[PDB]
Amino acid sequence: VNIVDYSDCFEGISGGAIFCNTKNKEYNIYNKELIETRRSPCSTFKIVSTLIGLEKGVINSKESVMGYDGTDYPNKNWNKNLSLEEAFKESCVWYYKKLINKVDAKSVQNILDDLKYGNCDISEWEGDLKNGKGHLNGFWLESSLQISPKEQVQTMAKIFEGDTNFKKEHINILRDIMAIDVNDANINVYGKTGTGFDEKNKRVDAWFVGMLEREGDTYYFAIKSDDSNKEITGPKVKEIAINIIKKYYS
């Protein structure tokens, strides 16, 4: 366990980072207090909800559809019968809400327990209804479910090292749709952003969680901001993450 200083890459934004290589068990941690603090995963939960949907047969491939019903949305790309691959990359909330609402709560509880997914608290299934957004809500979006950056990395490692019961075929679908283009062919980067605002503490929950492959070595990582500036989003934290990878993990 090395405590490290990635602060230059955060360019003044409050946050932390953790990178873990399970072959030689080197944990690199920036801002240990934050890295151990549980927070809502927001859209990073789509990593796990994709696997849940595949395991239960709600979806079957990166092509699979959820039966778009014509509802109007402001994001152009949500207004179509999009595939799993597209819904993941667009972070399409209606697709993943429809997916998860086809699965019984006990099945979800037992999967989260098996993954040690933070507090595994799905008690507020419908999510943070006080924000007014109705069905565009769920337990994983600033609601009952909370996970620390360290636990995210531990979960990613268990999934992608083959240490869960999820089918290898399903793991590989998730790998395919998480792949990121970082304009450097010598590293393979995979991940998912997440964006929320913690109304109680007036801080963002801005995430980028995933994995890095670089010549035999694999690092599992989680980068997280808790800044008070509402302009700090998951996509912004992904840029920070990419800068860290390029500076320190190349």
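A residue's number is simply how far along the shown sequence it sits, counting from 1.
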Which of 51-59 and 191-199 has higher mean CA B factor, as the PDB entry lists it: 191-199
So, looking at the entry's B-factor column for Cα atoms, which has the higher mean, 18-26 or 229-237? 18-26
Highest recorded C-alpha temperature factor, please, choosing from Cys42, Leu34, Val65, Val209. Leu34
Lowest, middle or highest third of the chain for the C-alpha temperature factor of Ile180? highest
Going by the CA temperature factor in the PDB record, which third of the chain does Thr155 belong to: lowest, middle or highest? middle
Temperature factor at the Cα of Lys102, chain-ranked in thirds, falls in the lowest
Hey, what third does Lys167 fall into on Cα B-factor, ranked over its chain? highest
Tertile call for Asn119 (CA temperature factor, within chain, third-based) is the middle
